Amino acid sequence: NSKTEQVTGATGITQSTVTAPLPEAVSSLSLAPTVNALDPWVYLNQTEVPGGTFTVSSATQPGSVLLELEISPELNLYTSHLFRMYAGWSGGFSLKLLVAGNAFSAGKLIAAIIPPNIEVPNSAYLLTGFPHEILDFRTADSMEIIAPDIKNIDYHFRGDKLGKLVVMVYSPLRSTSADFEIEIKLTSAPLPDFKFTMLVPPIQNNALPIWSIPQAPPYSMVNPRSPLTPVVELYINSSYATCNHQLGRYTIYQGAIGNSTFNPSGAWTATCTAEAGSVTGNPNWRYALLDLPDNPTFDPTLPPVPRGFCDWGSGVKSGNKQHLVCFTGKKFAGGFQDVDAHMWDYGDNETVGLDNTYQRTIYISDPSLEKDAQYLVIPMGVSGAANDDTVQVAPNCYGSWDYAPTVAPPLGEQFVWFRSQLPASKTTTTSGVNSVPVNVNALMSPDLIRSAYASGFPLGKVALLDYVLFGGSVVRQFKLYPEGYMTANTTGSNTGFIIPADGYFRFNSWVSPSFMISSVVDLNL
Amino acid sequence: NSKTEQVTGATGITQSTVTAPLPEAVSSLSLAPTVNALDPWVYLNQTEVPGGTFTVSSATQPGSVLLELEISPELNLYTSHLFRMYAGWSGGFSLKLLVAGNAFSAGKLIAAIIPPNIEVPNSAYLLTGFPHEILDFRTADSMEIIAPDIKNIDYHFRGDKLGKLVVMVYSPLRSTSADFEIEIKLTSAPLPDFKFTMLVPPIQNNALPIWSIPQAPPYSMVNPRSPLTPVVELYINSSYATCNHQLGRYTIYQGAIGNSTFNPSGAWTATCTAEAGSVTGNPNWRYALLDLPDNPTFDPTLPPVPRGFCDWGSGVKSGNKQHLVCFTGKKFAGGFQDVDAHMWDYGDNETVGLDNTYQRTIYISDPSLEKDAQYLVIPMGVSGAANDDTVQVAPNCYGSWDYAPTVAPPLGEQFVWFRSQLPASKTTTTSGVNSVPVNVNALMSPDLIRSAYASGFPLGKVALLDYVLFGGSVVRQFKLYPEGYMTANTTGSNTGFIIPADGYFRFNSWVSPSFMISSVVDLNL
Amino acid sequence: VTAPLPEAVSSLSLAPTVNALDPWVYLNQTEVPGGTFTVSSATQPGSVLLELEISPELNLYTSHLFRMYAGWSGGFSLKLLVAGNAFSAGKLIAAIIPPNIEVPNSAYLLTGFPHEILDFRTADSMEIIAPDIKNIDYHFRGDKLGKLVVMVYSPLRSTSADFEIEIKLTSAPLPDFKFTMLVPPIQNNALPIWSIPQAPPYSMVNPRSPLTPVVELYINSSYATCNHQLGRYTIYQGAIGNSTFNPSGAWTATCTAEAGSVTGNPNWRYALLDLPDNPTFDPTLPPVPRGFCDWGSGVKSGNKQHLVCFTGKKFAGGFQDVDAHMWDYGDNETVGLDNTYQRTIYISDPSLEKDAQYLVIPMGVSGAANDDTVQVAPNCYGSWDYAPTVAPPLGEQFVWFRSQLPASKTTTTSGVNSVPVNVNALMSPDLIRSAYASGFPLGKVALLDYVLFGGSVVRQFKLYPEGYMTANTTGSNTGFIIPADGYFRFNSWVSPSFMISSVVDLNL
Amino acid sequence: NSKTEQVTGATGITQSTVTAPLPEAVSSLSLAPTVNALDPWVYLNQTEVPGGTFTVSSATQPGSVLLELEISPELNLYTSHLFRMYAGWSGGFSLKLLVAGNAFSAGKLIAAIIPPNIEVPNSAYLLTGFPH
């Protein structure tokens, strides 16, 4: 049907319609062993769907899909919670489309039902070929879409392909003011024919509807790329548009990726085997060969480094002017002796095949090194001319082993880094290397992703996180991606922006990867 | 009613009775805003209650309470899961008491309903003063107890005092065989009058019915008392009947306790301020005074140490024969210079008030230390004559600050320690201290407790954990207490028992603190 | 009759042909092919005793019939045959797990599923309805199916002398059970009955000593594990580790020189075994020629024991001066080469010139080598697929195929001297042949009768799909004699937790 | 049918059942030249069959067959004697299985009818595939 409500002041109308673009084939549930009814009050209340908020404005509708949601129990909060203790489900949902339109705007919206195994077109013209419903910004407030549960079986087990709701702009938004926006909110409630099938213990791989983040401050976060230094501040740099690190790379799906580990402190120390020969032109740059306890046969499919070993950058070919600093000793017997700060770097300069690379072979700048002895390596700083930027860029990774892929934030927003201050190691005698102060940035702390593992991310959504500072305002707002990085909308460049690490993360909602954060941090200080 | 079933072979009978010791006053739910019905199949199935398993054998019933369970939605698995999305509840439960009795045994059981705000007596004779039901081991298989929901209000909000089921042995078990036991299992299902009241978002402080532990191996666990060394093995020592550590002390309720921290690697390094004077008789044992960034005014209510600082033991008064080893440098400018392995210990020997104590003041064994300069301290080993036992016993804690209380395992079971091998720091020149190899044990890794925080422990129960080794058998079985330690039943002494750290923890069930683990590890190798 | 989960008759309107069963198959209760298990006082609570997929394999007749049909539908009726006693008490839980749901490892979680409490006092002759849970009209092959899980709820305690309760499931398809789409009877479901060919053990080849006939089945209390890479076969992928189906043809290998002479023993010269099947030196491929010897000598040994092989120089179309030389794996100074099943070996002979290719035919052991030393194979490292170390369940010991290697005595300076030694193998390929020809039921273990003396003496062994036989034994013995002239007779399919009633008395 | 008798002293029960695992197709004897009836008292008395005694104890059931008897006039003593003066026979037999069991023992027995030209399996699991 359709209901028309005259707005306050009689300057327009408001249409609230109920539409069923596709007739529903109600499953008889004949093969369902049990038909588990829901709480009748679940049908009667409408909850915001995860990822069902979008803002239509100018510079919108070049062909984009505003929201695309699978018709499933995950739409409603209470059905999503209930499904954890159930094995099957059936029945459609009542999709309520809240539109914050105005009588003095212009433009149209189209929402369509897309059956399973059908790709979503990137054109409203094609989208009109689906069971659809046209919406006008001048008079719309709420479209109740009776979304059917399209299926060729009596009830869904987990993993089945499901129908989708796709909403995109049909005609571009127009308004006199350039700042006008259209808030679009979608809420769901199961249809009265919705049922669950078997009672099962509430342990599932399905993501929790709400992720509860412990109020752990960022300073209590271990820095994967600098375990011995606490995280002191959250960092944003417009220059750092790309991360290639192998440490601090944790993914919601397949655990720690690249060379990352869940115990950065325990995996920070590594041992290397000494061999004869040195870098050409530098007789004291003795070659070393890192031990691979997890890859004893040195399979190319396995990482050519110990797990969690340092991935700091030292420049392309910069052995003359900068290096890496590690504590180096020799294991005499039941321990290491004569441990001192030595000078080291990856590769051997010149050949780009293995220099500035994350391979097995390294060199240590001291003549007393003798072969084939085992030597301790604890990377602890940079010495010659290294700054924050050169240590930010990790050495490249080659081969067939599963290294962490290079990632970049979507255009318009920057990475948020866990920044720690690495102190310098000054020396007054000739036994040191006289390191230099430097800051180390990591994409992501292991523990917060660990907290995310228990709940999990709905597929496929990114977590919108509120970062609360000193009891309420100011509240910063970030997006956490399942790939293991966190971003924020920015204006300006401000290479060196600082956010205090005294706050705590608070889960806000699930949003699409293309969602724009309403709260934009101004880089310009 | 009562049903008598003749056993197979006619060598006895089997009584399955339904009893209602206390009549139920069904709440009219007149003030309930909504009455949310449950899935009818929830009423029809019986699930094992958390902590509702006990084994009656010989050396039982000296007055003990076998099980004591509050009548609440937490009894049933599905009601416990459902209650997370509800604000109130009402109605009783159908408590099914499975008894694995035999016709050729002897003894009796008594189960009673105890109203709220009434203490549980430790005598069956007193327990007969409650609404009770007598059970005989010869003929019992299942008593259905209609447990009422005793209340003076229409429905329960969270936090209300609830009635209890208490089961204890009425007459001692007797059998010809000395190894005979009585498995006692209790299962619950809500009564048909059970209802929920308001629909609320499923975010509550209530503990999850099932705790999902990630399959993180113990070697990937950070060692709080030795962050730089990975956990290599799980350790059991019959001698270690008491732990007084301030690191590795994490509690499900109030976070990290004592001096423990969630980032052991980041808090391992500390700085001290040098002052004039040395320990009497040792001019080179220069006094040092640890900096307290979190306690700048040095309030006695706050810890007199930096968070997460080393709590290793060095003996009562043993400065002559053993010490602690730390890397010590002086912060010249923007970093520390001349960092070398130095010799240090808590207190100043002699006075027990501050020596072998966890207070602010320490001494460092070098003459070149000058005051009042700031010095780096990274504890990394022990030098003189320290062994595993002396480092196991942490220095004592005094004052009004909230230090981690000394804990001991209940009689019959021993602590399970996260053991790591700390390598020695040998020196060939005169600039070292020549440390000694030693092992460091911690009660509990921070991350596993962190995983426990998301789910939480039901109050008040301990988690029974299966430790699976190399794909199934052998499966070791431990109890994890909310205070932050893990135990196991043992036979023998075997000071130095070793359990591989390659497994993973798997949650089994919730049990009472007094529960005896069926799987007993034999200490004698 | 108890039904934890109701049966929903699946109409079968979409079935092309509804193939009705023989009506007498419904009326005859038949033992479940694999639903046999034992409960003992040593069985830990919460341990899974029986995992049964609700499929046409629950009944002997339907299991045989299913090989002709592409689809099926309908549940089963299960009857408990509990050989209980008057003295034991305990509980069992039988839960119905719907498809695509993981089986929990604790009784606490298992009680969440539809279930039934089985008390040994009254569990006998109790009827269990095994529902067919599906959202489709009928099942195809390879579809996920519901499970029947039987777990110990209360441990079996006895008021008298301890007894082991034996429980057998008996099944009959429910009257709604139907088949669809007749297909040729070559389908993948394992045969409910396995017909072992009549062949004595002594007619089988010893994988770890092809040249020596197996003359004994051997049980040792001290062999708690097996790390061999030879004689390792599985029902699923056949030969595993470095095992081969032609041990005799794969026994000989060749090696090449290195220009090295071992640090400490100049007479010991290394060698690099060539890998015709691994010429690209792939770490993920075995760094050993296929089927090559995996005898063990010890750790940091060599001054007291080695391996003996026939070594010759290949000149042209043959070999030069084949003589018994004395060899061993890896070096003798580093872990990862010594006592490691890898490419590098050393041969004790002064004359081993540059880049020459030398034949290697392992033949025995020398020095202070013992049966125990050769029993333990060298370790395996790397990412190449090697056979995992296996151990029998507690209370059961491996049954070995024992051979008698004769010594080789030399009265001159040419050649070395060997010591008599016995070599054991987990399994000859001959027995497994028909086994994976017919297949094993999912998760079940073949119970075999070793018929001896024409039937007067019959030993019972459990043949695991992983490729070893275990025997229930009492007492301890460093070596047990079993004649190899008998033959194996298939008894039934049992769960791996089943305890063999007939116990071998080792201390005789 | 089935009859349950309570043992003396009430320390157990005793089941005496009558079972017909395979329905009998009674021959009409249409081609029989004469149908020679037996003494009615022969049907009424039960005689021990030759070879129909076995002792089940420990070290038993490794797969063995305790007894295997052909259904023939040789089962009964009087029918065996009578068959000597007769050329043909038809009809089944009432096989009574005396078991000296006790309530405080454990174990089970399976008895099956095996049709002609079918080999006897050496496994109880296979034997369950017969009318048993």
# chains A, B, ... in the order shown; residues from 1 in each chain; ligands from 1
call {"tool": "closest_atom_pairs", "arguments": {"of": "chain A", "to": "chain B", "cutoff": "7 Å", "atoms": "only C-alpha atoms", "output": "tab-separated table"}}
result
residue	atom	partner	partner_atom	distance
A:36	CA	B:39	CA	5.8
A:37	CA	B:39	CA	5.6
A:38	CA	B:39	CA	6.1
A:39	CA	B:37	CA	5.6
A:41	CA	B:36	CA	6.8
A:220	CA	B:263	CA	5.6
A:221	CA	B:263	CA	6.1
A:222	CA	B:263	CA	5.4
A:227	CA	B:265	CA	5.6
A:228	CA	B:266	CA	4.7
A:229	CA	B:266	CA	4.9
A:230	CA	B:266	CA	4.4
A:262	CA	B:220	CA	6.1
A:263	CA	B:222	CA	5.4
A:265	CA	B:228	CA	5.0
A:266	CA	B:230	CA	4.4
A:267	CA	B:230	CA	6.9
A:334	CA	B:424	CA	6.4
A:335	CA	B:424	CA	4.1
A:336	CA	B:425	CA	5.1
A:337	CA	B:426	CA	3.6
A:338	CA	B:427	CA	4.9
A:423	CA	B:335	CA	4.8
A:424	CA	B:335	CA	4.1
A:425	CA	B:336	CA	5.1
A:426	CA	B:337	CA	3.6
A:427	CA	B:337	CA	4.7
A:428	CA	B:338	CA	6.2
A:437	CA	B:334	CA	6.7
A:451	CA	B:451	CA	6.9
call {"tool": "residues_around", "arguments": {"residues": "residue A:152", "least_positions_apart": "6", "cutoff": "10 Å", "atoms": "only C-alpha atoms", "output": "ChimeraX atom specification"}}
result
/A:25,27 /C:135-136
call {"tool": "closest_residue", "arguments": {"among": "D:62, D:73, D:51, D:92", "to": "chain C", "atoms": "only C-alpha atoms"}}
result
D:62
call {"tool": "interface_residues", "arguments": {"of": "chain D", "to": "chain C", "cutoff": "12 Å", "atoms": "only C-alpha atoms", "output": "PyMOL selection string"}}
result
chain D and resi 11-12+21-23+58-65+102-110+121-132
call {"tool": "write_last_selection", "arguments": {"atoms": "N, CA, C and O atoms", "output": "compact mmCIF listing (two decimals), in the first residue's frame"}}
result
# COMPACT_ATOMS: atom_id res chain seq x y z
N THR D 11 16.48 -63.32 42.54
CA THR D 11 17.75 -62.71 42.16
C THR D 11 17.93 -62.64 40.65
O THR D 11 19.07 -62.66 40.16
N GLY D 12 16.85 -62.57 39.90
CA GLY D 12 16.93 -62.54 38.45
C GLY D 12 15.67 -63.09 37.84
O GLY D 12 14.72 -63.45 38.54
N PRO D 21 12.48 -67.19 13.11
CA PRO D 21 13.23 -66.20 12.33
C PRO D 21 12.87 -66.20 10.86
O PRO D 21 12.88 -65.14 10.23
N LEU D 22 12.56 -67.36 10.29
CA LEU D 22 12.19 -67.47 8.89
C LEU D 22 10.81 -68.09 8.79
O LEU D 22 10.60 -69.20 9.31
N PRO D 23 9.84 -67.43 8.16
CA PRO D 23 8.52 -68.05 7.98
C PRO D 23 8.63 -69.33 7.16
O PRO D 23 9.45 -69.43 6.25
N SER D 58 35.48 -68.80 29.00
CA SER D 58 36.51 -67.88 28.59
C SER D 58 37.40 -68.55 27.54
O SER D 58 37.37 -69.77 27.36
N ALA D 59 38.20 -67.73 26.86
CA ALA D 59 38.97 -68.17 25.70
C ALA D 59 38.05 -68.78 24.64
O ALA D 59 38.38 -69.78 24.00
N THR D 60 36.88 -68.17 24.48
CA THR D 60 35.91 -68.58 23.48
C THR D 60 35.47 -67.33 22.72
O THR D 60 35.64 -66.20 23.18
N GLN D 61 34.90 -67.55 21.54
CA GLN D 61 34.57 -66.52 20.57
C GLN D 61 35.81 -65.72 20.17
O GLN D 61 35.93 -64.54 20.52
N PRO D 62 36.77 -66.34 19.49
CA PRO D 62 37.65 -65.57 18.60
C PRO D 62 37.16 -65.51 17.16
O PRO D 62 37.92 -65.09 16.28
N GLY D 63 35.92 -65.93 16.92
CA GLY D 63 35.37 -66.07 15.59
C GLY D 63 34.84 -67.46 15.28
O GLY D 63 34.41 -67.70 14.15
N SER D 64 34.84 -68.38 16.24
CA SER D 64 34.54 -69.77 15.97
C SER D 64 33.04 -70.02 15.91
O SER D 64 32.23 -69.25 16.45
N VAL D 65 32.67 -71.11 15.25
CA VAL D 65 31.29 -71.57 15.17
C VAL D 65 31.11 -72.68 16.20
O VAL D 65 31.77 -73.72 16.12
N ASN D 102 23.26 -67.55 33.94
CA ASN D 102 23.11 -67.03 35.29
C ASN D 102 22.97 -65.52 35.22
O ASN D 102 23.48 -64.87 34.30
N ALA D 103 22.26 -64.95 36.20
CA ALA D 103 22.00 -63.52 36.20
C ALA D 103 23.26 -62.69 36.42
O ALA D 103 23.27 -61.51 36.06
N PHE D 104 24.31 -63.28 36.98
CA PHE D 104 25.53 -62.55 37.29
C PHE D 104 26.65 -62.83 36.29
O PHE D 104 27.82 -62.64 36.61
N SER D 105 26.30 -63.27 35.09
CA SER D 105 27.24 -63.43 34.00
C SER D 105 27.00 -62.32 32.98
O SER D 105 26.18 -61.42 33.18
N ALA D 106 27.73 -62.37 31.87
CA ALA D 106 27.55 -61.40 30.80
C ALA D 106 27.93 -62.06 29.48
O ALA D 106 28.70 -63.02 29.46
N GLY D 107 27.39 -61.53 28.40
CA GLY D 107 27.63 -62.06 27.07
C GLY D 107 26.34 -62.40 26.36
O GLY D 107 25.27 -62.50 26.96
N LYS D 108 26.47 -62.59 25.05
CA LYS D 108 25.31 -62.84 24.22
C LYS D 108 25.60 -63.95 23.22
O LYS D 108 26.74 -64.18 22.83
N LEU D 109 24.53 -64.64 22.82
CA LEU D 109 24.58 -65.69 21.81
C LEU D 109 23.70 -65.30 20.64
O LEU D 109 22.65 -64.67 20.81
N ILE D 110 24.12 -65.69 19.44
CA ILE D 110 23.33 -65.49 18.23
C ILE D 110 23.16 -66.83 17.54
O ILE D 110 24.13 -67.56 17.34
N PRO D 121 29.47 -68.15 7.53
CA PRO D 121 30.53 -67.18 7.83
C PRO D 121 31.11 -67.42 9.22
O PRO D 121 30.45 -67.95 10.11
N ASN D 122 32.36 -67.00 9.39
CA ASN D 122 33.07 -67.16 10.65
C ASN D 122 33.05 -65.89 11.48
O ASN D 122 33.98 -65.63 12.25
N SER D 123 32.01 -65.08 11.34
CA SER D 123 31.88 -63.83 12.08
C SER D 123 30.44 -63.63 12.51
O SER D 123 29.52 -63.81 11.70
N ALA D 124 30.24 -63.26 13.77
CA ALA D 124 28.90 -62.94 14.24
C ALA D 124 28.33 -61.73 13.51
O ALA D 124 27.12 -61.66 13.26
N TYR D 125 29.19 -60.77 13.17
CA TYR D 125 28.73 -59.59 12.44
C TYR D 125 28.13 -59.98 11.10
O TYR D 125 27.05 -59.50 10.74
N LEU D 126 28.81 -60.84 10.35
CA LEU D 126 28.21 -61.38 9.13
C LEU D 126 27.00 -62.23 9.45
O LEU D 126 25.99 -62.19 8.73
N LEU D 127 27.06 -63.01 10.52
CA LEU D 127 25.97 -63.92 10.85
C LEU D 127 24.68 -63.17 11.14
O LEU D 127 23.59 -63.73 10.98
N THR D 128 24.77 -61.90 11.54
CA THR D 128 23.56 -61.10 11.73
C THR D 128 22.81 -60.85 10.43
O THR D 128 21.67 -60.40 10.47
N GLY D 129 23.43 -61.12 9.28
CA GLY D 129 22.74 -60.99 8.01
C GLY D 129 21.82 -62.13 7.67
O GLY D 129 21.14 -62.07 6.64
N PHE D 130 21.79 -63.16 8.47
CA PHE D 130 20.86 -64.26 8.31
C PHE D 130 19.65 -64.06 9.21
O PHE D 130 19.68 -63.24 10.12
N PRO D 131 18.55 -64.77 8.96
CA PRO D 131 17.47 -64.79 9.95
C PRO D 131 17.99 -65.33 11.27
O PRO D 131 18.33 -66.51 11.37
N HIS D 132 18.05 -64.48 12.28
CA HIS D 132 18.80 -64.78 13.49
C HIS D 132 17.96 -64.47 14.72
O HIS D 132 16.84 -63.96 14.64
call {"tool": "interface_residues", "arguments": {"of": "chain C", "to": "chain A", "cutoff": "6 Å", "atoms": "only C-alpha atoms", "output": "ChimeraX atom specification"}}
result
/C:6,8,112-113,135-136,283,382
call {"tool": "residues_around", "arguments": {"residues": "stretch 58-74 of chain A", "least_positions_apart": "6", "cutoff": "9 Å", "atoms": "only C-alpha atoms", "output": "tab-separated table (two decimals) with N, CA and C atoms, in the first residue's frame"}}
result
chain	number	residue	atom	x	y	z
A	49	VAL	N	20.51	-2.32	10.24
A	49	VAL	CA	21.30	-3.42	9.69
A	49	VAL	C	22.77	-3.03	9.70
A	50	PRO	N	23.69	-4.00	9.82
A	50	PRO	CA	25.11	-3.67	9.73
A	50	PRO	C	25.49	-3.27	8.31
A	51	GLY	N	26.15	-2.12	8.19
A	51	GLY	CA	26.52	-1.63	6.88
A	51	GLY	C	25.38	-1.05	6.08
A	52	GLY	N	24.27	-0.71	6.73
A	52	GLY	CA	23.11	-0.20	6.03
A	52	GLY	C	22.89	1.28	6.22
A	80	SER	N	20.24	-12.22	14.25
A	80	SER	CA	21.66	-12.55	14.17
A	80	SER	C	22.13	-13.22	15.45
A	81	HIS	N	21.71	-12.70	16.61
A	81	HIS	CA	22.08	-13.32	17.87
A	81	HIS	C	21.44	-14.70	18.02
A	82	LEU	N	20.18	-14.84	17.62
A	82	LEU	CA	19.48	-16.11	17.77
A	82	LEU	C	20.06	-17.19	16.88
A	83	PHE	N	20.49	-16.81	15.67
A	83	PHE	CA	20.99	-17.79	14.71
A	83	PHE	C	22.21	-18.54	15.23
A	89	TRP	N	17.58	-21.82	8.97
A	89	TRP	CA	16.64	-20.72	9.00
A	89	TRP	C	15.90	-20.65	7.67
A	90	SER	N	14.77	-19.96	7.69
A	90	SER	CA	13.97	-19.75	6.49
A	90	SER	C	13.10	-18.53	6.71
A	91	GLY	N	12.62	-17.96	5.61
A	91	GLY	CA	11.75	-16.81	5.67
A	91	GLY	C	12.48	-15.52	5.33
A	92	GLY	N	11.71	-14.54	4.88
A	92	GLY	CA	12.24	-13.27	4.44
A	92	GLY	C	12.27	-12.23	5.54
A	93	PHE	N	12.61	-11.01	5.14
A	93	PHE	CA	12.77	-9.90	6.07
A	93	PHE	C	12.01	-8.69	5.58
A	120	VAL	N	25.98	-8.12	-9.23
A	120	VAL	CA	25.35	-6.81	-9.10
A	120	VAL	C	25.87	-5.90	-10.20
A	121	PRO	N	25.00	-5.39	-11.07
A	121	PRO	CA	25.46	-4.45	-12.09
A	121	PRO	C	25.79	-3.09	-11.49
A	122	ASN	N	26.69	-2.37	-12.16
A	122	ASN	CA	27.13	-1.06	-11.71
A	122	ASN	C	26.40	0.07	-12.43
A	123	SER	N	25.17	-0.17	-12.86
A	123	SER	CA	24.38	0.82	-13.57
A	123	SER	C	22.94	0.75	-13.11
A	124	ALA	N	22.35	1.92	-12.83
A	124	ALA	CA	20.93	1.95	-12.49
A	124	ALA	C	20.07	1.49	-13.66
A	147	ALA	N	11.34	-8.10	1.53
A	147	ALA	CA	12.40	-8.81	0.83
A	147	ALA	C	12.20	-10.31	0.97
A	148	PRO	N	11.95	-11.04	-0.11
A	148	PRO	CA	11.77	-12.48	0.01
A	148	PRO	C	13.09	-13.19	0.24
A	149	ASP	N	13.00	-14.37	0.84
A	149	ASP	CA	14.15	-15.25	1.00
A	149	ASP	C	14.16	-16.20	-0.19
A	150	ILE	N	14.91	-15.83	-1.22
A	150	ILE	CA	14.96	-16.63	-2.44
A	150	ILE	C	15.80	-17.87	-2.19
A	161	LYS	N	24.32	-19.49	-0.82
A	161	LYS	CA	24.24	-18.24	-1.55
A	161	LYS	C	22.87	-17.61	-1.34
A	162	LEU	N	22.85	-16.31	-1.07
A	162	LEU	CA	21.64	-15.62	-0.67
A	162	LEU	C	21.37	-14.44	-1.59
A	163	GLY	N	20.10	-14.05	-1.64
A	163	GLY	CA	19.71	-12.87	-2.38
A	163	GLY	C	20.23	-11.60	-1.73
A	164	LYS	N	20.19	-10.51	-2.49
A	164	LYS	CA	20.77	-9.26	-2.05
A	164	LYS	C	19.80	-8.11	-2.25
A	165	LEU	N	19.92	-7.11	-1.38
A	165	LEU	CA	19.34	-5.80	-1.60
A	165	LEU	C	20.42	-4.85	-2.08
A	166	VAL	N	20.18	-4.21	-3.22
A	166	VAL	CA	21.11	-3.25	-3.79
A	166	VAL	C	20.37	-1.93	-3.95
A	167	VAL	N	20.94	-0.87	-3.38
A	167	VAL	CA	20.40	0.47	-3.49
A	167	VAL	C	21.46	1.36	-4.12
A	168	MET	N	21.10	2.02	-5.22
A	168	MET	CA	21.96	3.02	-5.82
A	168	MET	C	21.11	4.19	-6.28
A	169	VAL	N	21.77	5.32	-6.51
A	169	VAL	CA	21.06	6.52	-6.91
A	169	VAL	C	20.56	6.36	-8.34
A	170	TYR	N	19.27	6.60	-8.54
A	170	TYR	CA	18.68	6.50	-9.87
A	170	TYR	C	18.83	7.79	-10.66
A	171	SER	N	18.56	8.93	-10.04
A	171	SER	CA	18.79	10.23	-10.63
A	171	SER	C	19.59	11.09	-9.66
A	172	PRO	N	20.61	11.79	-10.13
A	172	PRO	CA	21.55	12.46	-9.22
A	172	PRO	C	20.86	13.47	-8.32
A	173	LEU	N	21.35	13.56	-7.09
A	173	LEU	CA	20.81	14.50	-6.12
A	173	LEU	C	21.09	15.93	-6.55
A	174	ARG	N	20.08	16.78	-6.42
A	174	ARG	CA	20.20	18.19	-6.76
A	174	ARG	C	19.57	19.03	-5.66
A	175	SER	N	20.25	20.10	-5.28
A	175	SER	CA	19.75	21.02	-4.27
A	175	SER	C	20.44	22.36	-4.44
A	178	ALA	N	25.02	23.59	-1.61
A	178	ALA	CA	26.03	22.62	-2.00
A	178	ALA	C	26.38	21.64	-0.89
A	179	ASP	N	25.97	21.92	0.35
A	179	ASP	CA	26.29	21.07	1.48
A	179	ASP	C	25.18	20.10	1.84
A	180	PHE	N	24.09	20.09	1.07
A	180	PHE	CA	22.96	19.22	1.39
A	180	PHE	C	23.32	17.76	1.18
A	181	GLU	N	22.89	16.92	2.12
A	181	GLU	CA	23.15	15.49	2.08
A	181	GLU	C	21.85	14.75	2.35
A	190	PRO	N	12.52	-9.57	10.86
A	190	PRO	CA	12.09	-10.78	10.16
A	190	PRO	C	10.61	-10.74	9.85
A	209	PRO	N	27.16	-10.26	16.25
A	209	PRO	CA	26.53	-9.02	15.79
A	209	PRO	C	27.18	-7.77	16.36
A	458	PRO	N	31.75	-9.52	10.31
A	458	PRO	CA	30.78	-9.99	9.31
A	458	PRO	C	31.34	-9.82	7.91
A	512	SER	N	30.51	-0.70	5.28
A	512	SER	CA	31.14	-1.20	4.07
A	512	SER	C	32.55	-0.63	3.94
A	514	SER	N	33.80	0.93	1.56
A	514	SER	CA	33.74	2.21	0.89
A	514	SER	C	33.03	3.28	1.71
A	515	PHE	N	32.67	2.98	2.95
A	515	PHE	CA	31.97	3.94	3.79
A	515	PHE	C	32.86	5.13	4.11
call {"tool": "interface_residues", "arguments": {"of": "chain B", "to": "chain D", "cutoff": "7 Å", "atoms": "only C-alpha atoms", "output": "list in words"}}
result
residues 9, 10 and 11 of chain B
call {"tool": "atom_distance", "arguments": {"atom1": "atom CA of residue C:179", "atom2": "atom CA of residue C:55"}}
result
11.5 Å
call {"tool": "select_by_dssp", "arguments": {"residues": "chain D", "states": "helix (DSSP H, G or I)", "output": "PyMOL selection string"}}
result
chain D and resi 40-44+77-83+124-127
call {"tool": "write_last_selection", "arguments": {"atoms": "C-alpha atoms", "output": "short mmCIF file (atom, residue, chain, number, x, y, z; two decimals), in the first residue's frame"}}
result
data_model
loop_
_atom_site.label_atom_id
_atom_site.label_comp_id
_atom_site.auth_asym_id
_atom_site.auth_seq_id
_atom_site.Cartn_x
_atom_site.Cartn_y
_atom_site.Cartn_z
CA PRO D 40 1.69 -88.05 17.45
CA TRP D 41 3.85 -88.56 20.54
CA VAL D 42 6.98 -88.07 18.43
CA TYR D 43 6.05 -84.41 17.96
CA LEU D 44 5.51 -84.00 21.70
CA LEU D 77 16.33 -89.56 17.56
CA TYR D 78 12.92 -90.98 16.70
CA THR D 79 12.67 -89.26 13.32
CA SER D 80 16.20 -90.47 12.57
CA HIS D 81 15.15 -94.04 13.37
CA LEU D 82 11.91 -93.72 11.40
CA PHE D 83 13.60 -92.28 8.31
CA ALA D 124 28.90 -62.94 14.24
CA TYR D 125 28.73 -59.59 12.44
CA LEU D 126 28.21 -61.38 9.13
CA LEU D 127 25.97 -63.92 10.85
#
